[PDB]
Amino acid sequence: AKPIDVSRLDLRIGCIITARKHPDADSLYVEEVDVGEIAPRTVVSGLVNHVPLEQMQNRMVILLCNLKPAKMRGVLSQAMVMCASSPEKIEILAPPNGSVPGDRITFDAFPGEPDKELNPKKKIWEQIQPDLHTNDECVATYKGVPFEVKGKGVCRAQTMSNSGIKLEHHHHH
């Protein structure tokens, strides 16, 4: 059986092309994200109170691309934006300069291919998530190993140090 480490996740850099308030939701954003594929992916983000819409535009992000696509009040989200989060504040993790859509986040320390699709019932993300935190310098890591785009740099939060990393739970215990 494949190991239960960050190698099971499919993380890629993306660029938010379009962002708008969700038509039928008051706390969600609807973005079209270029992840380097033929067409953009639709992403529904609950960041209304944390990131103004104007700052969501043309925003480079790190996306978890192998989660089961799910309906969000009618809109099927095809990926989720990775953020440093706490009951305090929420910050979108920023890729290093030069990163372009489609760039992959990898870890030599953890060999393995991501799962085509993460089966929620197997809660693979639920077991990995606790090892996902930003370090003392705000750099995103997995068990202390930095989220890196080979040849470009590491991903980091703006001000959130020693923080947990989530892409949904953002508002509840």
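Residue numbers here begin at 1 and follow the sequence given.
Between 38-46 and 101-109, it is 101-109 that carries the larger average Cα temperature factor according to the deposited entry. Of the two segments, 160-168 and 7-15, the one listed with the higher mean B-factor is 160-168 (C-alpha atoms only). For the set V61, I128, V33, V145, the PDB entry assigns the largest Cα B-factor to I128. Reading the B-factor column for the CA atoms of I124, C138, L132, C65 in the entry, the top value corresponds to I124. Among all modelled residues in this chain, the alpha-carbon of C155 has a temperature factor (C-alpha) in the lowest third. When the CA B factors of the chain's modelled residues are split into thirds, the value for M56 lands in the lowest one.
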